[PDB]
Structure formats: structure tokens, C-alpha cells
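This document starts with two versions of one protein chain, written out as C-alpha cells and named structure 1 and structure 2.
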Structure 1
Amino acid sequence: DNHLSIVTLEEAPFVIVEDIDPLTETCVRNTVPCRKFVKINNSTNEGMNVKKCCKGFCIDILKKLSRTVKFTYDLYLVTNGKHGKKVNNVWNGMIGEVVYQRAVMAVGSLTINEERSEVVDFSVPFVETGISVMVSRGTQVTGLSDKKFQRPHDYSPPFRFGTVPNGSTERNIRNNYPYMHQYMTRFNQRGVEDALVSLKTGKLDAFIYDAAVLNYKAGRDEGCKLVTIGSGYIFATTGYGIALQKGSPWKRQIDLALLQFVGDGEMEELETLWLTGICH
């Protein structure tokens, strides 16, 4: 049919996961049903499907696509991996659900890159991203390619800057700037929200990460003390897109629909609803 298995992943404000409304058995308001497979323990593959409710910027996209392209969907959240990483030539995350045909599309904060694009089709990008830099207001940085990151010990004192390891940001820096990568491991942050506090409290001078996430965090930071660089200095510019199975019959109409949403203002309204914050 035109009934589709669709995988997503929790990452506010793009996908926000909530327990089913208390508990009239139904998803209300903003939200759509999404099921999650929850393991009984870590010594087993056994689990139970748990009914949850999903909302957010990407869910609002999914809803508009569903109505325009005319399809229905069963939405579920991915249980092994995050976005998609190739482990020993084998994909986990959302990308894995698509390539192995448990899902025919993937909707979420899924960054378009070359490696993924060899095994899945990607819609046009519907939000811009890349590798950005966040600092406390006052600090002077152009972006990732600044000499101040590339040769840290040409400055005294050297800048304290890092990222969250094991994702695309670390992998990209390792391939392009090997000494930078060697240098900043000592500053690994274990999550976005710890990096923010290390920035606001002076333990870190710069945080390097996904531009779309950093812009969201900066726009809502209490005190408006954290700033990112201008989008002209974003490195490896790309976008979130919707992944489809290779050769999918939905790609052309999903693409035209997203371009219609961008061109006619609807995407802008979604950005104001979910992504724009009180700062700047």
C-alpha cells in the first residue's frame, strides 16, 4: 500500500518523546503515536513494545508530508544506535533500519552525508547544519578552521575546546585536522548539556558540534551568554534530510513537497514554532 513503516529518534526539539497521556490510552494535541521496543534486560534480545507519543519539528514535517504526499505510517523509535554509524561494514541507528528494510524512511535530525548516501536515498535538506562553534559572548573565533583550533600551541594559553566524542563531529575533525583531534581529546564532553555548563562556568572556552543543535541551544540560553558563529563560517555545510530506501518511489514527491514547504513560508513557520528562541 501507501502505508509506511517509519523510524525516528529522540532529540529535542526535532523529536520529543512523551509517555502516553495519563492514561486515556491516547496521544493528544501536538503528538502522534510512536512505539518503542524496550529490552527486558541487557543479557537478552527479548523486549516489550511500549506505546509513546512523539512531537516536534520533524514530526510536524512528517505530518505535512503525510497529508500532501498522501500516505499513512506506523512510527517507531530506533532501539540500537542513534542516527547511523557503520560498525564493521554494518549499519546501526536509523540508517540501519532503512538499509535492512525494517523502515522505508527515517525522519529526525538525520544529517545528509556521502557515506550514508551510498546506501540510502536522501530528500532535499529541510534544515541547514554543519560543524559550528559555540563560545561565551566576548570570545573571538571565526570557526573550525581558525588557526587557534588548528595549531593550539601557537597561543598562550592554549584554548580549551572540545566536542562529544564517537559521533560525526569527532570523525570529521579526525579526517581533516589530525593534530586538532589529538589535542582536543583531553577536552571530550560526554553530552551537549555538560558542555554547555562547562562553557558557562569557565572550564571550557569553545564547544564544537552540530550547527543546528548549537543554534537551538544558543537561542534559548538563560542570560543569552552563549553564542555561535555566523552561518557563513559553518564547516562542511549540509542539512538534515529524510532517508528513504534506495530507489524509493516516494523520493520525488517527498522532495517536491519539502521544496513547496520551504518556498511558501510553511517551513519558516515551523522554525519559529520549534527552533527560534528568546536570544537574538
Structure 2
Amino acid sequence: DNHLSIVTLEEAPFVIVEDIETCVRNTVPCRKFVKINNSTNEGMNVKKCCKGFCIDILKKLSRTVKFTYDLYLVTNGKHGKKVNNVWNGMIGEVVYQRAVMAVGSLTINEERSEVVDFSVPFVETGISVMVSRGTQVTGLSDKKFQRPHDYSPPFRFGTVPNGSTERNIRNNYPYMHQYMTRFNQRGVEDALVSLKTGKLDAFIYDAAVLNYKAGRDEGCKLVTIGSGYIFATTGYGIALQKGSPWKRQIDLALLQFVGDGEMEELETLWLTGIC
């Protein structure tokens, strides 16, 4: 009751996983359930090591709010999507009460907030467009995106599906959404490769990660369009169960980290760029 099952997911620099006996300096223990084969429910927890901005937030939360935890990595999906009205991902781990809370680059939107409770946002984010070459594109709302085939030839751009970004483009821009799907990227790394090689003209994704990526890009050729503009501004948050007793102390603790300078320190520790 003071010991909490917490779920997380890897996405640098917020959560970074390293192979391990004991987890060394500034990392914490996080287990990941790895199956024996693809034709069995059988599996085994592999002991690994977690670090990063959100891991540091977690330590700090644990210190101040006074709980212990067992941290594990999500296996059934990623951040969280509702599929046939059933939540997968970190969101579903909380929703089906496997985890007391979820920590990581977890974007707050309306639909997730219907089924879990979220802390105050502690990282600004939204939706940004990253390019690799010069462009005149305004933002997500540019005609090149909304009505792509108005142009011959059209722009080729995509996201990583099944997260808060795709869920947003699907609600707001139906035509853009069905045009984009053929350019779905399997991950941020993949997209960046496509951008640099020119098989992708633009990559539409979470602003905080995009800003980070551009921050650590060698040659500094990757930028976010429009002065790093952010459509649909929101934040990462700690997802807790609906009606959680923990939300209050977690919130005040977070807001205290802000007054402490503790957040700014985390920010410079992990999010310092070279560009």
C-alpha cells in the first residue's frame, strides 16, 4: 500500500534502458517481461536498468511522496491506444490496474483523461513537424499537409502511428490522415533516417522528442518548422488510476520541484542541446 507497481516505456531521453546483478549509478531497476516463444504465454522477467529525465522525476517523487516501487516496462503496445474499445500500452496497464501509475513521455489528451487521472503536466509538448532541408511550410495546418494532392507532385510526410499524435491528426484532418498512412514510420530512428536520405520530406511527431532530437543532431540539419512551433500544446504527465489517492501529493510534489529549481536542473541535465 506504500509499495507501488509502476509501468514505463523507453523513449530517450525521458526513459533510457540499459543492460544490467545490480543497476549501477543513477539508474534504477526495471524488469521487462520477455516471452519464451511466440506460441506461448510463457515468459520471464529480464532485469534491466532505467535512467533518464522521467526516471529522475520518479526518484524525486519517491523521495518526497514517500513510496517504494517496482518499475517494469510495458510489453502490450507502447504509450497507449484504444483498440476495439480496449486500452493497450501504459494507459491500459493503469486502466486494468496492473500498474498504480505510469511514468515516461506520456502525452495528456482528452480521451486518455476519460479513463485515467493525470498529474499536472511536467514537460511541455505538443505536435511539431521536423524537416531536414529548408522549407516554407507553416506548420501542421499548411495546405501542403491538409490537401497534399493539390500539389504535383505531393509532399511525402508521416508519423509513428498509434500514439497521441496520430490520434490527433485522425480527429482533425481526415484526408491528411489517410494520405499519411502510407508513410507511417516504425519509430523515431526510422523516420530520421528517412528524412536524411530524402525518402521522407517531413516527420510529424511529439514536439518534446523532436526538439530533443534536433538538439543532439550532428551537423544540425534537422530542425522543427516555424521556430519550433507546437500545435495542440499539452504535456507529459504521470497517469494514475481514476480517483487515485496519490494524485494530490504527486501534483504538489511536482509543483514544488518547479519552485526548487529541481526541474530546471533536470531539464539541463537531460535536454541540453548542441544546436
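The term rigid core refers to the maximal set of C-alpha atoms that superpose within 1.5 Å between the two forms. Throughout, residue numbering runs from 1 along the sequence of structure 1.
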### Task
For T129, decide whether the Cα shift between structures 1 and 2 is 2 Å or greater, given a superposition on the rigid core.
no
### Message
Could you check, with the core superposed, whether the Cα atom of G96 shifts 2 Å or more between structures 1 and 2?
### Response
no
### Summary
Whole-degree rotation of the smaller rigid portion against the larger portion between structures 1 and 2 is 14
### Query
In Å, how large is the C-alpha displacement of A212 between structures 1 and 2 after the rigid core is aligned?
0.1
#### Entry: between structures 1 and 2, how far the Cα of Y183 shifts once the core is aligned, in Å
4.3
### Task
Just grab the Cα shift of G232 between structures 1 and 2 for me, core aligned, in angstrom.
8.0
